[PDB]
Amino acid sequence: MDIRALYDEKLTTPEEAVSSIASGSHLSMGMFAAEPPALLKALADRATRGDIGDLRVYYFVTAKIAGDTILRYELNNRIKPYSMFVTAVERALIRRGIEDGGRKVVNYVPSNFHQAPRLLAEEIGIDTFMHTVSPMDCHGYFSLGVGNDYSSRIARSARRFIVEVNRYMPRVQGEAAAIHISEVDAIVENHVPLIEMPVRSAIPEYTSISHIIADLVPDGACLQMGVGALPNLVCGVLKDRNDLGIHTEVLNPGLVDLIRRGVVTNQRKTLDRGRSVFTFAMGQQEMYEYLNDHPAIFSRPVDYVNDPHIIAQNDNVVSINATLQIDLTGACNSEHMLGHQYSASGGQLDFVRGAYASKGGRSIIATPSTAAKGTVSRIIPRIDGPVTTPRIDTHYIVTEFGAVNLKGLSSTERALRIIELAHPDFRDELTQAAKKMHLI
């Protein structure tokens, strides 16, 4: 194929690239750092000029990029967020919609992340897909870079695929990560640094927690970690380990550090031996650079990564996830918003199940015992409404005061052992509550 010719007959401006997108259609985009700033700004401008309406945008993990363009509150009447996972950007929109006469401005779409490819391709249907990509190579291929997730599927199943070439986007190897230019409908170029996950400082509780978790990581553990200061600290403690593998949902700076140190070899994995596996990546510039052309890092779609049966096929999986609350039944809650559950959509539960099913595997859910300078307990009597991790799935829980394996324990054994993980200031109160609920 004459790729140079193909590039030039597809290359165009952001404004022109989004101008044929139909009103009343379905659009989706890449996660996080794969959200295309130039294309989304141009699309936002269309809505501003009143040149498009009734556009549903389906997506999972959003950033300032979409937040400052197509998802601005003012465009809400023309570009409709159909969020399948609610983060801070949606929290602000929903809050503001309540203020503004009780408007519903975010349309939550309950879903399983590991089913995202199918859900978007078949149940929902996507007309236009937009994604930042690495520059075309000499064979005519782009790469989805920090993204695979649902994106490697929808880039093919969507009726139109528009790419935003960025040199700051790493060239990443992975299943269906490479896209030939013949599979692309339009191209724009916008070379800008990828947005970064803000680094958060550790709190004192994370020191004890990270050491308790470290003792629970066996030899040749196959790691999955969410983002945050706690996981990063844990990786810090694992810097003296050997022959660890990676099979994670999110690839973060902590895990990449273990790769760079040679702690991670993936030689004890059954699947994807010799390669670290992820579905999408979040970090800072240094991590993003490191991913470029890395031969031992291999992205795969979320329907592989987050499939509990796939996760379970590696021995000694250790899944480390954070949560905001744990109740006395062992149910856990990761959703910030009061009265609601939009967090259940996330792939956390997939690894809770997968890690337990792994031979030698451990699912860990960890949290500091208190919040707000010790005045609020994160160990509570009962979670309000639907939960993030049901009590029948929870394996290990950790606070700064220890760990408990809940599997096989009665309601009473659970409550008595969970209370001992609460801060001393709250254990009496939790004990009374447990009695009232007739757990003990």
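Numbers for residues come from their place in the sequence shown, where the first is 1.
For the pair 9-17 and 413-421, the mean B factor over Cα atoms is greater in 9-17. Between 297-305 and 330-338, it is 330-338 that carries the larger average Cα temperature factor according to the deposited entry.
Comparing C-alpha B-factors across 344, 187, 281, 258 in the deposited entry, the largest value falls on 344.
Based on the entry's C-alpha B-factors, the most elevated value among 242, 292, 115, 128 belongs to 242.
Remark: residue 380 belongs to the middle third of its chain, ranked by C-alpha B-factor as recorded.
When the modelled residues of the chain are ordered by their C-alpha B factor, residue 65 lands in the middle third. Annotation for residue 26: CA B-factor lies in the lowest third of the chain's modelled residues. Remark: residue 103 belongs to the highest third of its chain, ranked by C-alpha B-factor as recorded.
When all modelled residues of the chain are sorted by CA temperature factor, residue 206 is found within the highest third.
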